[PDB]
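**Q** This is my_file-v3.cif (mmCIF, N, CA, C and O atoms and all ligand atoms).
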data_target
loop_
_atom_site.label_atom_id
_atom_site.label_comp_id
_atom_site.auth_asym_id
_atom_site.auth_seq_id
_atom_site.Cartn_x
_atom_site.Cartn_y
_atom_site.Cartn_z
N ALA A 1 2.68 3.14 -11.06
CA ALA A 1 4.11 3.40 -10.93
C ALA A 1 4.93 2.26 -11.53
O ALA A 1 5.56 1.49 -10.81
N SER A 2 4.91 2.16 -12.86
CA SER A 2 5.65 1.11 -13.55
C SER A 2 7.13 1.18 -13.22
O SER A 2 7.69 2.26 -13.02
N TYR A 3 7.78 0.02 -13.18
CA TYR A 3 9.20 -0.06 -12.87
C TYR A 3 9.97 -0.76 -13.99
O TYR A 3 9.40 -1.56 -14.74
N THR A 4 11.25 -0.45 -14.10
CA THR A 4 12.10 -1.04 -15.13
C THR A 4 12.20 -2.55 -14.95
O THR A 4 12.84 -3.03 -14.01
N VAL A 5 11.58 -3.30 -15.85
CA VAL A 5 11.61 -4.76 -15.79
C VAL A 5 12.54 -5.33 -16.85
O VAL A 5 12.22 -5.36 -18.03
N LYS A 6 13.71 -5.80 -16.41
CA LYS A 6 14.69 -6.37 -17.31
C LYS A 6 14.31 -7.80 -17.70
O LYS A 6 14.20 -8.68 -16.84
N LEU A 7 14.10 -8.02 -18.99
CA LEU A 7 13.73 -9.34 -19.49
C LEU A 7 14.88 -9.99 -20.25
O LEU A 7 15.04 -9.79 -21.45
N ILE A 8 15.70 -10.76 -19.53
CA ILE A 8 16.84 -11.43 -20.14
C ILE A 8 16.38 -12.53 -21.10
O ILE A 8 15.53 -13.35 -20.77
N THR A 9 16.95 -12.53 -22.30
CA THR A 9 16.61 -13.52 -23.31
C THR A 9 17.83 -13.93 -24.12
O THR A 9 18.79 -13.17 -24.27
N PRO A 10 17.80 -15.16 -24.66
CA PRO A 10 18.90 -15.70 -25.47
C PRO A 10 19.03 -15.00 -26.82
O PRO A 10 19.99 -15.23 -27.56
N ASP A 11 18.06 -14.15 -27.13
CA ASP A 11 18.06 -13.42 -28.39
C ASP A 11 18.34 -11.94 -28.16
O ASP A 11 18.06 -11.11 -29.02
N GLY A 12 18.89 -11.62 -27.00
CA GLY A 12 19.20 -10.24 -26.67
C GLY A 12 18.70 -9.84 -25.30
O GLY A 12 18.19 -10.68 -24.55
N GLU A 13 18.85 -8.56 -24.96
CA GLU A 13 18.42 -8.06 -23.67
C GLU A 13 17.48 -6.86 -23.83
O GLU A 13 17.89 -5.82 -24.34
N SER A 14 16.24 -7.02 -23.40
CA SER A 14 15.25 -5.96 -23.51
C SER A 14 14.88 -5.42 -22.13
O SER A 14 15.26 -5.99 -21.11
N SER A 15 14.14 -4.32 -22.11
CA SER A 15 13.72 -3.70 -20.86
C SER A 15 12.33 -3.09 -20.99
O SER A 15 12.17 -2.01 -21.55
N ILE A 16 11.33 -3.79 -20.47
CA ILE A 16 9.95 -3.32 -20.52
C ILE A 16 9.51 -2.74 -19.18
O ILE A 16 10.07 -3.07 -18.14
N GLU A 17 8.50 -1.87 -19.22
CA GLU A 17 7.99 -1.25 -18.01
C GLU A 17 6.69 -1.91 -17.57
O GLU A 17 5.68 -1.85 -18.27
N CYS A 18 6.71 -2.54 -16.40
CA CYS A 18 5.53 -3.22 -15.87
C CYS A 18 5.05 -2.53 -14.59
O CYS A 18 5.84 -1.98 -13.83
N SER A 19 3.74 -2.57 -14.37
CA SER A 19 3.15 -1.95 -13.19
C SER A 19 2.98 -2.97 -12.07
O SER A 19 3.10 -4.17 -12.28
N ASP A 20 2.72 -2.47 -10.86
CA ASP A 20 2.54 -3.33 -9.70
C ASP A 20 1.24 -4.12 -9.80
O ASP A 20 1.12 -5.22 -9.26
N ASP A 21 0.26 -3.54 -10.49
CA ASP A 21 -1.04 -4.19 -10.66
C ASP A 21 -1.19 -4.74 -12.07
O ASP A 21 -2.26 -4.65 -12.68
N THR A 22 -0.11 -5.32 -12.60
CA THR A 22 -0.12 -5.89 -13.94
C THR A 22 0.82 -7.08 -14.03
O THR A 22 1.65 -7.31 -13.15
N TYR A 23 0.70 -7.84 -15.12
CA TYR A 23 1.54 -9.01 -15.33
C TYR A 23 2.71 -8.68 -16.25
O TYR A 23 2.54 -8.00 -17.26
N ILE A 24 3.89 -9.17 -15.90
CA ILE A 24 5.09 -8.93 -16.69
C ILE A 24 4.91 -9.44 -18.12
O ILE A 24 5.46 -8.87 -19.06
N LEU A 25 4.14 -10.51 -18.27
CA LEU A 25 3.89 -11.10 -19.58
C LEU A 25 3.13 -10.12 -20.47
O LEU A 25 3.57 -9.79 -21.57
N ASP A 26 1.97 -9.67 -19.99
CA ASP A 26 1.15 -8.73 -20.75
C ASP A 26 1.97 -7.53 -21.19
O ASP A 26 1.87 -7.09 -22.34
N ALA A 27 2.77 -6.99 -20.28
CA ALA A 27 3.61 -5.84 -20.58
C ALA A 27 4.68 -6.19 -21.62
O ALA A 27 5.16 -5.32 -22.34
N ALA A 28 5.04 -7.47 -21.68
CA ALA A 28 6.05 -7.93 -22.62
C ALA A 28 5.45 -8.13 -24.01
O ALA A 28 5.89 -7.51 -24.98
N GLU A 29 4.44 -8.99 -24.10
CA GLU A 29 3.78 -9.27 -25.37
C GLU A 29 3.22 -7.99 -25.98
O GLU A 29 3.21 -7.83 -27.20
N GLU A 30 2.75 -7.09 -25.13
CA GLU A 30 2.19 -5.83 -25.59
C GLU A 30 3.22 -5.01 -26.36
O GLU A 30 2.89 -4.29 -27.30
N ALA A 31 4.48 -5.13 -25.95
CA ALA A 31 5.57 -4.41 -26.60
C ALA A 31 6.15 -5.22 -27.75
O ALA A 31 6.74 -4.67 -28.68
N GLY A 32 5.99 -6.54 -27.68
CA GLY A 32 6.51 -7.41 -28.73
C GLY A 32 7.72 -8.20 -28.28
O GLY A 32 8.55 -8.60 -29.10
N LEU A 33 7.82 -8.43 -26.97
CA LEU A 33 8.94 -9.18 -26.41
C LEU A 33 8.90 -10.63 -26.87
O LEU A 33 9.95 -11.27 -27.03
N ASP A 34 7.70 -11.15 -27.09
CA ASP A 34 7.53 -12.53 -27.53
C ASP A 34 8.20 -13.50 -26.57
O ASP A 34 9.15 -14.19 -26.93
N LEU A 35 7.71 -13.54 -25.34
CA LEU A 35 8.27 -14.43 -24.32
C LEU A 35 7.62 -15.81 -24.38
O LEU A 35 6.54 -15.99 -24.94
N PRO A 36 8.30 -16.81 -23.80
CA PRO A 36 7.81 -18.19 -23.78
C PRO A 36 6.59 -18.36 -22.88
O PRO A 36 6.73 -18.64 -21.69
N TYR A 37 5.41 -18.19 -23.45
CA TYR A 37 4.17 -18.32 -22.70
C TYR A 37 3.15 -19.16 -23.47
O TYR A 37 3.19 -19.23 -24.70
N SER A 38 2.23 -19.78 -22.74
CA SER A 38 1.20 -20.62 -23.36
C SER A 38 -0.17 -20.29 -22.78
O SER A 38 -1.09 -19.92 -23.52
N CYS A 39 -0.31 -20.42 -21.47
CA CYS A 39 -1.57 -20.14 -20.80
C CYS A 39 -1.75 -18.64 -20.58
O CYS A 39 -2.87 -18.13 -20.57
N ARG A 40 -0.63 -17.94 -20.41
CA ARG A 40 -0.67 -16.50 -20.19
C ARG A 40 -1.84 -16.11 -19.29
O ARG A 40 -2.53 -15.12 -19.54
N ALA A 41 -2.05 -16.89 -18.24
CA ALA A 41 -3.14 -16.63 -17.30
C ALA A 41 -2.70 -16.92 -15.87
O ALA A 41 -3.05 -16.19 -14.94
N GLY A 42 -1.94 -17.99 -15.69
CA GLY A 42 -1.47 -18.36 -14.37
C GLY A 42 -1.80 -19.80 -14.01
O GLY A 42 -2.64 -20.05 -13.15
N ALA A 43 -1.15 -20.74 -14.68
CA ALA A 43 -1.38 -22.16 -14.43
C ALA A 43 -0.39 -23.02 -15.21
O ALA A 43 -0.76 -24.06 -15.76
N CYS A 44 0.87 -22.58 -15.25
CA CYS A 44 1.91 -23.31 -15.95
C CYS A 44 3.29 -22.95 -15.42
O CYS A 44 3.41 -22.26 -14.41
N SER A 45 4.33 -23.43 -16.10
CA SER A 45 5.70 -23.16 -15.69
C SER A 45 6.52 -22.63 -16.86
O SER A 45 7.70 -22.29 -16.71
N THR A 46 5.90 -22.58 -18.03
CA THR A 46 6.58 -22.10 -19.23
C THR A 46 6.82 -20.59 -19.16
O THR A 46 7.75 -20.07 -19.79
N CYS A 47 5.99 -19.90 -18.40
CA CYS A 47 6.11 -18.45 -18.24
C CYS A 47 7.05 -18.11 -17.09
O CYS A 47 7.44 -16.95 -16.92
N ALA A 48 7.42 -19.12 -16.31
CA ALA A 48 8.31 -18.92 -15.18
C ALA A 48 9.65 -18.35 -15.63
O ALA A 48 10.20 -18.75 -16.66
N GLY A 49 10.18 -17.40 -14.86
CA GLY A 49 11.44 -16.78 -15.20
C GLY A 49 12.36 -16.64 -14.00
O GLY A 49 11.97 -16.08 -12.97
N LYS A 50 13.58 -17.15 -14.12
CA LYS A 50 14.55 -17.08 -13.03
C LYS A 50 14.80 -15.63 -12.62
O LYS A 50 15.36 -14.84 -13.39
N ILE A 51 14.38 -15.29 -11.41
CA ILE A 51 14.56 -13.93 -10.89
C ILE A 51 15.56 -13.91 -9.75
O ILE A 51 15.56 -14.79 -8.88
N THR A 52 16.42 -12.90 -9.74
CA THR A 52 17.43 -12.76 -8.70
C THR A 52 18.07 -11.37 -8.73
O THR A 52 19.27 -11.22 -8.51
N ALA A 53 17.25 -10.36 -9.02
CA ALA A 53 17.74 -8.99 -9.08
C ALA A 53 16.60 -7.99 -8.87
O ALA A 53 16.61 -6.89 -9.42
N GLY A 54 15.61 -8.39 -8.08
CA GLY A 54 14.47 -7.52 -7.82
C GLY A 54 13.46 -8.16 -6.89
O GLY A 54 13.79 -8.57 -5.78
N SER A 55 12.21 -8.26 -7.35
CA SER A 55 11.15 -8.85 -6.56
C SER A 55 9.83 -8.84 -7.32
O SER A 55 9.60 -7.99 -8.19
N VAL A 56 8.96 -9.79 -7.00
CA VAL A 56 7.66 -9.89 -7.66
C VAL A 56 6.62 -10.51 -6.73
O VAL A 56 6.94 -10.98 -5.64
N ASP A 57 5.37 -10.50 -7.17
CA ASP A 57 4.27 -11.05 -6.38
C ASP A 57 3.45 -12.04 -7.20
O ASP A 57 2.72 -11.65 -8.11
N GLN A 58 3.58 -13.32 -6.87
CA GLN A 58 2.85 -14.37 -7.58
C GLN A 58 1.95 -15.15 -6.63
O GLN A 58 2.19 -16.32 -6.36
N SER A 59 0.92 -14.48 -6.13
CA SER A 59 -0.02 -15.12 -5.20
C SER A 59 -1.25 -15.63 -5.93
O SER A 59 -2.27 -15.93 -5.32
N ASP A 60 -1.15 -15.72 -7.26
CA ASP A 60 -2.26 -16.19 -8.08
C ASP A 60 -1.88 -17.49 -8.79
O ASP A 60 -2.76 -18.26 -9.19
N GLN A 61 -0.58 -17.72 -8.95
CA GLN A 61 -0.10 -18.92 -9.62
C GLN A 61 -0.72 -20.17 -9.01
O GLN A 61 -1.26 -20.13 -7.91
N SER A 62 -0.64 -21.28 -9.74
CA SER A 62 -1.20 -22.54 -9.27
C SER A 62 -0.37 -23.72 -9.78
O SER A 62 -0.88 -24.84 -9.91
N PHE A 63 0.90 -23.47 -10.05
CA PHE A 63 1.80 -24.51 -10.55
C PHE A 63 2.92 -24.77 -9.55
O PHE A 63 3.07 -25.89 -9.05
N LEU A 64 3.71 -23.74 -9.27
CA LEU A 64 4.82 -23.86 -8.33
C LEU A 64 4.32 -24.22 -6.93
O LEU A 64 3.13 -24.14 -6.65
N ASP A 65 5.24 -24.62 -6.07
CA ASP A 65 4.90 -24.99 -4.70
C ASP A 65 5.72 -24.19 -3.69
O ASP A 65 5.18 -23.37 -2.94
N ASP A 66 7.03 -24.43 -3.69
CA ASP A 66 7.93 -23.73 -2.77
C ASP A 66 9.37 -23.82 -3.26
O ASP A 66 10.12 -22.84 -3.19
N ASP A 67 9.75 -24.99 -3.76
CA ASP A 67 11.11 -25.20 -4.26
C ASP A 67 11.33 -24.44 -5.56
O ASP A 67 12.43 -23.93 -5.81
N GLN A 68 10.29 -24.36 -6.38
CA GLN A 68 10.38 -23.66 -7.66
C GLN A 68 10.63 -22.17 -7.44
O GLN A 68 11.59 -21.61 -7.98
N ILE A 69 9.76 -21.54 -6.66
CA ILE A 69 9.89 -20.12 -6.38
C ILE A 69 11.23 -19.81 -5.71
O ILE A 69 11.83 -18.76 -5.96
N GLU A 70 11.68 -20.72 -4.86
CA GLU A 70 12.95 -20.54 -4.15
C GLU A 70 14.09 -20.33 -5.13
O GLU A 70 14.95 -19.47 -4.93
N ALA A 71 14.10 -21.12 -6.20
CA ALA A 71 15.14 -21.02 -7.22
C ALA A 71 15.11 -19.66 -7.91
O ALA A 71 16.15 -19.09 -8.24
N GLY A 72 13.90 -19.14 -8.12
CA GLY A 72 13.76 -17.85 -8.76
C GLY A 72 12.74 -17.88 -9.89
O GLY A 72 12.36 -16.83 -10.41
N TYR A 73 12.31 -19.07 -10.26
CA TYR A 73 11.34 -19.23 -11.34
C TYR A 73 10.01 -18.58 -10.98
O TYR A 73 9.24 -19.11 -10.18
N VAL A 74 9.75 -17.42 -11.57
CA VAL A 74 8.52 -16.69 -11.31
C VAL A 74 7.65 -16.61 -12.56
O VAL A 74 8.09 -16.13 -13.61
N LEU A 75 6.41 -17.08 -12.45
CA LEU A 75 5.48 -17.06 -13.58
C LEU A 75 5.22 -15.63 -14.04
O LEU A 75 4.52 -14.87 -13.37
N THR A 76 5.78 -15.27 -15.19
CA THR A 76 5.60 -13.94 -15.74
C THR A 76 4.14 -13.69 -16.12
O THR A 76 3.71 -12.54 -16.24
N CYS A 77 3.39 -14.77 -16.30
CA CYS A 77 1.98 -14.67 -16.66
C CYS A 77 1.13 -14.31 -15.44
O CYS A 77 -0.08 -14.11 -15.55
N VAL A 78 1.77 -14.24 -14.28
CA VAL A 78 1.08 -13.91 -13.04
C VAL A 78 2.04 -13.37 -12.00
O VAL A 78 2.02 -13.79 -10.84
N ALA A 79 2.89 -12.44 -12.41
CA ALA A 79 3.87 -11.84 -11.51
C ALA A 79 3.65 -10.33 -11.40
O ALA A 79 3.44 -9.65 -12.40
N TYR A 80 3.72 -9.82 -10.17
CA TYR A 80 3.52 -8.40 -9.93
C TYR A 80 4.81 -7.75 -9.44
O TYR A 80 5.10 -7.71 -8.24
N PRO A 81 5.61 -7.24 -10.39
CA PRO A 81 6.89 -6.58 -10.08
C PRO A 81 6.69 -5.24 -9.37
O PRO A 81 6.69 -4.19 -10.01
N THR A 82 6.54 -5.29 -8.05
CA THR A 82 6.34 -4.08 -7.26
C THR A 82 7.46 -3.07 -7.52
O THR A 82 7.27 -1.86 -7.37
N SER A 83 8.63 -3.57 -7.91
CA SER A 83 9.78 -2.72 -8.18
C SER A 83 10.63 -3.30 -9.30
O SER A 83 10.34 -4.37 -9.83
N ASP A 84 11.70 -2.59 -9.65
CA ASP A 84 12.60 -3.03 -10.71
C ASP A 84 13.04 -4.47 -10.47
O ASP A 84 13.26 -4.88 -9.33
N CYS A 85 13.18 -5.23 -11.55
CA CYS A 85 13.60 -6.62 -11.46
C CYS A 85 14.25 -7.08 -12.76
O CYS A 85 14.19 -6.39 -13.78
N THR A 86 14.87 -8.26 -12.72
CA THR A 86 15.54 -8.81 -13.90
C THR A 86 15.14 -10.26 -14.12
O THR A 86 15.92 -11.18 -13.85
N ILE A 87 13.93 -10.47 -14.62
CA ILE A 87 13.43 -11.81 -14.88
C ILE A 87 14.20 -12.47 -16.03
O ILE A 87 14.34 -11.89 -17.10
N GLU A 88 14.69 -13.68 -15.78
CA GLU A 88 15.44 -14.42 -16.79
C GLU A 88 14.55 -15.43 -17.50
O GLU A 88 14.36 -16.55 -17.03
N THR A 89 14.00 -15.03 -18.65
CA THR A 89 13.13 -15.89 -19.42
C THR A 89 13.86 -17.15 -19.87
O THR A 89 15.07 -17.29 -19.66
N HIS A 90 13.13 -18.07 -20.49
CA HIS A 90 13.71 -19.32 -20.97
C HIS A 90 14.34 -20.10 -19.83
O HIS A 90 15.52 -20.45 -19.87
N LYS A 91 13.55 -20.37 -18.80
CA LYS A 91 14.03 -21.12 -17.64
C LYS A 91 12.91 -21.93 -17.01
O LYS A 91 12.60 -21.78 -15.83
N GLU A 92 12.30 -22.81 -17.81
CA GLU A 92 11.21 -23.65 -17.33
C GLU A 92 11.59 -25.13 -17.40
O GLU A 92 11.07 -25.95 -16.65
N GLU A 93 12.50 -25.45 -18.31
CA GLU A 93 12.95 -26.83 -18.48
C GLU A 93 13.55 -27.37 -17.19
O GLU A 93 13.60 -28.58 -16.98
N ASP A 94 14.01 -26.46 -16.33
CA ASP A 94 14.61 -26.85 -15.06
C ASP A 94 13.67 -27.74 -14.27
O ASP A 94 14.10 -28.69 -13.60
N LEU A 95 12.37 -27.44 -14.33
CA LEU A 95 11.37 -28.21 -13.62
C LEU A 95 11.15 -29.57 -14.28
O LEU A 95 11.39 -30.62 -13.69
N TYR A 96 10.68 -29.54 -15.53
CA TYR A 96 10.43 -30.76 -16.28
C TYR A 96 11.70 -31.59 -16.42
O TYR A 96 12.30 -31.61 -17.49
GA GA B 101 1.69 -19.24 -17.84
#
Any chance you could put this one into C-alpha cells?
Ligand SMILES: [Ga+3]
**A**
Amino acid sequence: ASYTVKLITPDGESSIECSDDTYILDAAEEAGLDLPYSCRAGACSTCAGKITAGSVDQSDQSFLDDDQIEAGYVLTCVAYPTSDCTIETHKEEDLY
C-alpha cells in the first residue's frame, strides 16, 4: 500500500510512491529523484530529511540518537513511510 511521499528539493518538488516495507531512498533513486545519499543502507546523516507532514519508521538507523529525529531529520536510506509524508531533502548540514 504505497503512499504519496513528497520529496522537497531545492531543484523543484517531486512526489514518489513509497511502500511501508521499503525505503524512501530506493523509491526515489529508482524513479530518478537523485537524492543526497552515500551509504544508502542506514548508517549516515546525508540521507536524513526534515520531516513534519506525515510519519516514518527508522528503527534500523545507526546514526541519529534522539535530538536529530526530534527535529525531523529522518534517514531516507532507512525510513518506512507507513503513510503519506513530506520529507525535506538537503537537510543534513544541520548536524555537522
Ligand atoms: Ga544513508
**Q** Kindly provide the residues of chain A that approach ligand GA 101 (chain B) to within 5 Å, each paired with its closest atom pair and their distance in Å to one decimal, based on only N, CA, C and O atoms and all ligand atoms, listed by chain and increasing number, as a tab-separated table.
**A**
residue	atom	partner	partner_atom	distance
A:38	N	B:GA101	GA	5.0
A:39	N	B:GA101	GA	4.3
A:40	N	B:GA101	GA	3.7
A:41	N	B:GA101	GA	4.4
A:42	N	B:GA101	GA	4.4
A:43	N	B:GA101	GA	4.5
A:44	N	B:GA101	GA	4.3
A:47	N	B:GA101	GA	4.4
A:77	CA	B:GA101	GA	4.7
**Q** Which polymer residues, protein or nucleic acid, are no farther than 9 Å from (7.2, -3.2, -25.2), counting only C-alpha atoms, as a ChimeraX atom specification?
**A** /A:14-17,27-33
**Q** With N, CA, C and O atoms retained, could you export that selection as a PDB file, in the coordinates of the input?
**A**
ATOM      1  N   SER A  14      16.240  -7.020 -23.400  1.00  0.00           N
ATOM      2  CA  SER A  14      15.250  -5.960 -23.510  1.00  0.00           C
ATOM      3  C   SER A  14      14.880  -5.420 -22.130  1.00  0.00           C
ATOM      4  O   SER A  14      15.260  -5.990 -21.110  1.00  0.00           O
ATOM      5  N   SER A  15      14.140  -4.320 -22.110  1.00  0.00           N
ATOM      6  CA  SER A  15      13.720  -3.700 -20.860  1.00  0.00           C
ATOM      7  C   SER A  15      12.330  -3.090 -20.990  1.00  0.00           C
ATOM      8  O   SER A  15      12.170  -2.010 -21.550  1.00  0.00           O
ATOM      9  N   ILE A  16      11.330  -3.790 -20.470  1.00  0.00           N
ATOM     10  CA  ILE A  16       9.950  -3.320 -20.520  1.00  0.00           C
ATOM     11  C   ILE A  16       9.510  -2.740 -19.180  1.00  0.00           C
ATOM     12  O   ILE A  16      10.070  -3.070 -18.140  1.00  0.00           O
ATOM     13  N   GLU A  17       8.500  -1.870 -19.220  1.00  0.00           N
ATOM     14  CA  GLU A  17       7.990  -1.250 -18.010  1.00  0.00           C
ATOM     15  C   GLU A  17       6.690  -1.910 -17.570  1.00  0.00           C
ATOM     16  O   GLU A  17       5.680  -1.850 -18.270  1.00  0.00           O
ATOM     17  N   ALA A  27       2.770  -6.990 -20.280  1.00  0.00           N
ATOM     18  CA  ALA A  27       3.610  -5.840 -20.580  1.00  0.00           C
ATOM     19  C   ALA A  27       4.680  -6.190 -21.620  1.00  0.00           C
ATOM     20  O   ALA A  27       5.160  -5.320 -22.340  1.00  0.00           O
ATOM     21  N   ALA A  28       5.040  -7.470 -21.680  1.00  0.00           N
ATOM     22  CA  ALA A  28       6.050  -7.930 -22.620  1.00  0.00           C
ATOM     23  C   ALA A  28       5.450  -8.130 -24.010  1.00  0.00           C
ATOM     24  O   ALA A  28       5.890  -7.510 -24.980  1.00  0.00           O
ATOM     25  N   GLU A  29       4.440  -8.990 -24.100  1.00  0.00           N
ATOM     26  CA  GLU A  29       3.780  -9.270 -25.370  1.00  0.00           C
ATOM     27  C   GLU A  29       3.220  -7.990 -25.980  1.00  0.00           C
ATOM     28  O   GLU A  29       3.210  -7.830 -27.200  1.00  0.00           O
ATOM     29  N   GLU A  30       2.750  -7.090 -25.130  1.00  0.00           N
ATOM     30  CA  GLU A  30       2.190  -5.830 -25.590  1.00  0.00           C
ATOM     31  C   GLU A  30       3.220  -5.010 -26.360  1.00  0.00           C
ATOM     32  O   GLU A  30       2.890  -4.290 -27.300  1.00  0.00           O
ATOM     33  N   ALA A  31       4.480  -5.130 -25.950  1.00  0.00           N
ATOM     34  CA  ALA A  31       5.570  -4.410 -26.600  1.00  0.00           C
ATOM     35  C   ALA A  31       6.150  -5.220 -27.750  1.00  0.00           C
ATOM     36  O   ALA A  31       6.740  -4.670 -28.680  1.00  0.00           O
ATOM     37  N   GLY A  32       5.990  -6.540 -27.680  1.00  0.00           N
ATOM     38  CA  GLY A  32       6.510  -7.410 -28.730  1.00  0.00           C
ATOM     39  C   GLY A  32       7.720  -8.200 -28.280  1.00  0.00           C
ATOM     40  O   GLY A  32       8.550  -8.600 -29.100  1.00  0.00           O
ATOM     41  N   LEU A  33       7.820  -8.430 -26.970  1.00  0.00           N
ATOM     42  CA  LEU A  33       8.940  -9.180 -26.410  1.00  0.00           C
ATOM     43  C   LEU A  33       8.900 -10.630 -26.870  1.00  0.00           C
ATOM     44  O   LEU A  33       9.950 -11.270 -27.030  1.00  0.00           O
TER      45      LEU A  33
END
**Q** Enter the distance from atom N of residue 34 (chain A) to atom N of residue 55 (chain A), in Å, rounded to one decimal.
**A**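 Here the two named atoms are 20.5 Å from each other.
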**Q** By how many Å are CA of residue 24 (chain A) and CA of residue 85 (chain A) apart?
**A**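 Calculated distance between CA of residue 24 (chain A) and CA of residue 85 (chain A) is 10.3 Å.
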**Q** Calculated over only N, CA, C and O atoms, which of the candidates A:51, A:1, A:95, A:25 has the smallest distance to residue 76 (chain A)?
**A** A:25
**Q** Identify which of the residues A:81, A:54, A:72, A:10 lies closest to residue 35 (chain A), counting only C-alpha atoms when measuring atom-to-atom distances.
**A**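 Answer, going by the shortest atom-to-atom distance: A:10.
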**Q** Could you give me, as a list in words, the residues within 12 Å of residue 96 (chain A), counting only C-alpha atoms and dropping anything in the same chain fewer than 5 positions from it?
**A**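 The filter keeps residues 44, 45, 46, 64, 68 and 91 of chain A.
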**Q** Quick one: distance from atom N of residue 20 (chain A) to atom N of residue 93 (chain A) in Å, one decimal?
**A** 26.1 Å
**Q** Check the smallest atom-to-atom distance from each of A:73, A:60, A:26, A:18 to residue 3 (chain A) using all atoms listed in the file, then report the winner.
**A**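 So, comparing all the options, the nearest one is A:18.
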**Q** Name the residues of region 10-55 of chain A that fall into strand (DSSP E) according to DSSP on the backbone, using the chain letters and numbers of this document, as a PyMOL selection string.
**A** chain A and resi 12-18+48-50
**Q** Could you please take those selected residues and save N, CA, C and O atoms as a short mmCIF file (atom, residue, chain, number, x, y, z; two decimals), in the frame of the given file?
**A**
data_model
loop_
_atom_site.label_atom_id
_atom_site.label_comp_id
_atom_site.auth_asym_id
_atom_site.auth_seq_id
_atom_site.Cartn_x
_atom_site.Cartn_y
_atom_site.Cartn_z
N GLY A 12 18.89 -11.62 -27.00
CA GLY A 12 19.20 -10.24 -26.67
C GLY A 12 18.70 -9.84 -25.30
O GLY A 12 18.19 -10.68 -24.55
N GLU A 13 18.85 -8.56 -24.96
CA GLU A 13 18.42 -8.06 -23.67
C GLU A 13 17.48 -6.86 -23.83
O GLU A 13 17.89 -5.82 -24.34
N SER A 14 16.24 -7.02 -23.40
CA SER A 14 15.25 -5.96 -23.51
C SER A 14 14.88 -5.42 -22.13
O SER A 14 15.26 -5.99 -21.11
N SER A 15 14.14 -4.32 -22.11
CA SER A 15 13.72 -3.70 -20.86
C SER A 15 12.33 -3.09 -20.99
O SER A 15 12.17 -2.01 -21.55
N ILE A 16 11.33 -3.79 -20.47
CA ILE A 16 9.95 -3.32 -20.52
C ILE A 16 9.51 -2.74 -19.18
O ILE A 16 10.07 -3.07 -18.14
N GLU A 17 8.50 -1.87 -19.22
CA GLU A 17 7.99 -1.25 -18.01
C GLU A 17 6.69 -1.91 -17.57
O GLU A 17 5.68 -1.85 -18.27
N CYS A 18 6.71 -2.54 -16.40
CA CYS A 18 5.53 -3.22 -15.87
C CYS A 18 5.05 -2.53 -14.59
O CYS A 18 5.84 -1.98 -13.83
N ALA A 48 7.42 -19.12 -16.31
CA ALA A 48 8.31 -18.92 -15.18
C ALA A 48 9.65 -18.35 -15.63
O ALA A 48 10.20 -18.75 -16.66
N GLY A 49 10.18 -17.40 -14.86
CA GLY A 49 11.44 -16.78 -15.20
C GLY A 49 12.36 -16.64 -14.00
O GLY A 49 11.97 -16.08 -12.97
N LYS A 50 13.58 -17.15 -14.12
CA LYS A 50 14.55 -17.08 -13.03
C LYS A 50 14.80 -15.63 -12.62
O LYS A 50 15.36 -14.84 -13.39
#
**Q** Find, counting all atoms listed in the file, the residue in A:21, A:11, A:92, A:70 that gets nearest to residue 48 (chain A).
**A**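 Among the listed residues, A:92 lies closest to residue 48 (chain A).
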**Q** Looking at A:78, A:5, A:71, A:87, which one is nearest to residue 59 (chain A), with distances taken over only N, CA, C and O atoms?
**A**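 When distances to residue 59 (chain A) are compared using only N, CA, C and O atoms, the smallest one comes from A:78.
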**Q** A:56, A:12, A:63, A:37: which is nearest residue 82 (chain A), counting only N, CA, C and O atoms?
**A**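 Ranking A:56, A:12, A:63, A:37 by distance to residue 82 (chain A), first place goes to A:56.
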**Q** Using DSSP assignments from the backbone, pull out every residue in chain A that falls under alpha helix (DSSP H) and give it to me as a list in words.
**A**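 So, restricting chain A to alpha helix (DSSP H), we get residues 24, 25, 26, 27, 28, 29, 30, 31, 67, 68, 69, 70 and 71 of chain A.
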